[PDB]
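Take a look at the structure set out below.
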Number of protein chains: 6
Amino acid sequence: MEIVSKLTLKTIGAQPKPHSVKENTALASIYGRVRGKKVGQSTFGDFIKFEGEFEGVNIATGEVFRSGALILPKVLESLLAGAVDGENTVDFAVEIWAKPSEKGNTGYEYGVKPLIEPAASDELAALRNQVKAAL
Amino acid sequence: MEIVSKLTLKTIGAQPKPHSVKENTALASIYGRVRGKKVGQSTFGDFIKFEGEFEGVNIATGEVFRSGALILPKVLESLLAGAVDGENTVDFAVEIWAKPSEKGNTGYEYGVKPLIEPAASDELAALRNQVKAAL
Amino acid sequence: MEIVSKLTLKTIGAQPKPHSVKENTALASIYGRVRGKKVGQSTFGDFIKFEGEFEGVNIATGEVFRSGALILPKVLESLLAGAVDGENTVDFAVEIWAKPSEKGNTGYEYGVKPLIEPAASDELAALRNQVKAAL
Amino acid sequence: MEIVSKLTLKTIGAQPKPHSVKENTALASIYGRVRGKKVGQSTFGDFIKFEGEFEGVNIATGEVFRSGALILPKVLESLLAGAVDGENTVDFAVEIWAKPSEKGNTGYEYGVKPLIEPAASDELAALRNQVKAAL
Amino acid sequence: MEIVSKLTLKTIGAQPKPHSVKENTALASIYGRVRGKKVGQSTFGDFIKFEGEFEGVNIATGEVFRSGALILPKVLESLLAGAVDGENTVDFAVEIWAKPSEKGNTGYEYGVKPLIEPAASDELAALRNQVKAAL
Amino acid sequence: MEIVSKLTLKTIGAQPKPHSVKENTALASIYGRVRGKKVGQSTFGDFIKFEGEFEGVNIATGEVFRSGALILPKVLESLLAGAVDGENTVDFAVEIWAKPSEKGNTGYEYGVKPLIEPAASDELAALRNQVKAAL
DNA sequence: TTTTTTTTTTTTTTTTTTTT
DNA sequence: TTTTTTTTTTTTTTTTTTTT
């Protein structure tokens, strides 16, 4: 266990080196509870920093990390931020992947595979049932 | 055993020389009991000095030190201070590391790997259990 | 020998695959004589196409190509175009390299190592002589 | 010989890696003629880009480079810019060094050792003569 | 054996000359029994003088001294004085070192390496046991 | 010759290491012309920075430096500043020494031996003549 | 023939790159 | 006496048809 001021793919040694992803690969698993959010500015745009209890795991090393702060990429950030608003404490758990990206300045794009089944409306459930009926 | 007025990475000869860390490395192991804290001012900001029984160990020399005073870096200081308040006596034990830090005035950043398992809520334990279930 | 309508790094199989250059590497050697130039438009901007006698050589295969048309990258294009104007026939010979490029959409940047010694003024020759004098 | 769009310590592979200079070391030798200057803006401030004939030499590899553009560090930039103004063509030649710099974000500071003897007033020449007289 | 009115680093010829310590060095070994203490005033502050049986040994000469009075530096003085109170007779034994001290008016700082194992609480013993368990 | 932004004993490698001067020793020779002065603030007090043409020479290496800025110790600073006021250009030349200093935080004190004979009143000249008469 | 000299809190960190 | 800062970047390449 390593205590970190802020939990990032770089802190937990999961950020790939540029032009290094030849196949889809998992990097980290991040789970925790979120109490609040704050918006900050950087050279590359605005970002959200989360407050709560967070644990992190690298998969090429098995190292386990823990923090009270979390900065995620923009996609996971958008999803979680849409999932949190106000005084409610939000539980989350996700596995972060890396995929090759031609026409990318880094050569990879991040993927998101959640580990908690998310909420789906009864209507799309009906659609899945209809699909599973014919064939 | 060497008795020191105050226990620091510099006292126990663990402070790296600037621009000297090429790979992650452990410097010291510090354990003790804390009775109180005091806040002091310096050129570079405020700092906390701890009172109690403290023992220290360098890893490149095996030298063992002991003191009744302790000054830590800011991160460990914040964690321990949040862990101590009032008349209670707090036991602690940590291993201090050094990591390279590009864009740093010293070239390194300190790491914290505790040796006593810290307290985690039942909720995050449930999250870890859920993660360990699928795969 | 393979006759090609237009000589390009893609025609002679020298264009690297995106996110594939880990170290500096030579791709092709191109030499020929230039009689004229024409300017054309594409999605990514304007380009110059050269007319004359051109031969090309891949270095990972030894394959030899020959054409009467030549399209080069923008840097080599600028140099050669500045070297050609009017009815004069211009001889040229260059070796094309590939270098890693972080923050690049392809991961590499092209290099130019000429094989004919280019023209340098007597003044810079004097400067080189002065440099070679002290030490 | 390698032709480069702009000549920099990074282009000619002379820029040291952060936290790598343990002793004073020469990196490059740059000589050329300057015809004009242009001022540009970046994240870290304004910079001057020079136009003319420039040749460069790395000392750990012997590689020789040549360009028509030149961007230098701020100190050499200030000196040369003060040395150039208007339509005059300015000859210059300098050897660039690297020195350790505690309290530096990179760990090194650049040095300048010119290879052409610069201009000194007759008064300071008189001073040097007086110094060389007593002892 | 040399009998001295008061035992000091100066009496036993162990006090370093200013600006003379280039590396850590042992100066003296002092052991004895303490019966009482007295507080005295000087230009540089107050000091404690001890009464009992004291023997001293220089390490660069092997000379052996003995006295019934003892004046120590402030750190050893504080430790021993905290170790003595009342009619009890206190046994002690310590080795005195010298360490370089930049920003010091003498260039050195004294070190204390006791030769009798001191008293440590069962709690810190438990901590040392826990530390010695994981790795 | 090395061009430096500011000329100091540290820039020209003349500053002694603490607790290193065992005998009087010359470090540097500094001569130049002064056009103006500016007052700046630091942690340790205010200081004067000089503008003009300055050359410097280390004596343990023979290295020669040159700058347009100069910061001196407090004594030389006071003397020169008293020697400069207004639009006049002031010529100066001095040899800087180092002397042991017991009760000093560095172990040395700087000395000043000018190389240009300074101005003495006719009265003190008369005194020297009277002294040289009797014996 | 004497009490004299020794010590100081220092440094260490920063959001960055990923997508189109 | 000590300090009195210094450096980082300052982009690249992609295509530019071909056959029936």
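Each chain gets a letter, A, B and so on, in the order the sequences are listed, and its residues count up from 1. These numbers come from the heavy atoms of this one structure, side chains and all, not from hydrogens, waters or symmetry mates.
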Using heavy atoms and a sub-4.0 Å distance, could you list which residues of residues 96-106 of chain A are near DNA chain G? By number, please.
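DNA chain G contact set from residues 96-106 of chain A: A:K103, A:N105, A:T106.
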- Message: So, using ring pair (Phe, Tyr, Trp, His ring centres under 6.0 Å) as the criterion, who are the partners of E:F50 when residues are at least two apart?
- Response: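 E:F50 satisfies ring pair (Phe, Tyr, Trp, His ring centres under 6.0 Å) with no residue once adjacent residues are dropped.
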My understanding is that only residues two or more places apart in sequence, or in another chain, count here; which of them pass ring pair (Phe, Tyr, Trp, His ring centres under 6.0 Å) with B:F47?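 By the ring pair (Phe, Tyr, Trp, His ring centres under 6.0 Å) rule, B:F47 matches no residue at all.
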Could you tell me the boundaries of the chain A footprint on DNA chain G, defined by atoms under 4.0 Å from its heavy atoms?
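For DNA chain G, the relevant span reads G:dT15 to G:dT20.
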Are H:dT17 and H:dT16 stacked, with six-ring centres under 5.5 Å and planes under 30°?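 The answer, once centre distance and plane angle are checked, is that they do not stack.
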First of A:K10 and B:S5 reached from the 5' end of DNA chain G, by closest nucleotide:
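Per heavy-atom nearest nucleotide, the more 5' residue is B:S5.
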Please check: side-chain N/O of [X] versus main-chain N/O of [Y], any donor-acceptor pairing under 3.5 Å?
X     : Y      : value
A:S42 : A:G45  : no
A:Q41 : A:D46  : no
C:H19 : A:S101 : yes
E:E77 : E:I48  : yes

Checklist entry - If we only count heavy atoms from C-beta on, is the D:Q15 to D:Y110 side-chain gap below 4.5 Å? => result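 When only atoms from C-beta onward are counted, D:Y110 and D:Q15 do touch, with a gap below 4.5 Å.
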What is the glycosidic conformation of [N]: syn, defined as within 90° of 0, or anti?
N      : answer
G:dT2  : syn
G:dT20 : syn
H:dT18 : anti
G:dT10 : syn

Check: Can you name the residues that form a salt bridge (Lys or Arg N to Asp or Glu O under 4.0 Å) with C:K99, not counting sequence neighbours?
Finding: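 Here the qualifying residues are D:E2.
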Residues two or more places apart in sequence or in another chain: which of them pass salt bridge (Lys or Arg N to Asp or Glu O under 4.0 Å) with C:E51?
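Residues passing salt bridge (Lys or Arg N to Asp or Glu O under 4.0 Å) with C:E51: C:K38.
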Heavy atoms under 4.0 Å, any strand shown: does [X] hit a base, just sugar-phosphate, or nothing?
X     : answer
C:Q15 : sugar-phosphate
E:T8  : nothing
B:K6  : sugar-phosphate

Sign of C1'-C2'-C3'-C4' at H:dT16: does that make it north or south?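 North pucker for H:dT16; the sign of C1'-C2'-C3'-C4' is positive.
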- Can you tell me, in whole Å, how much space there is between the P of H:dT5 and that of G:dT8?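 It works out to 29 Å between them.
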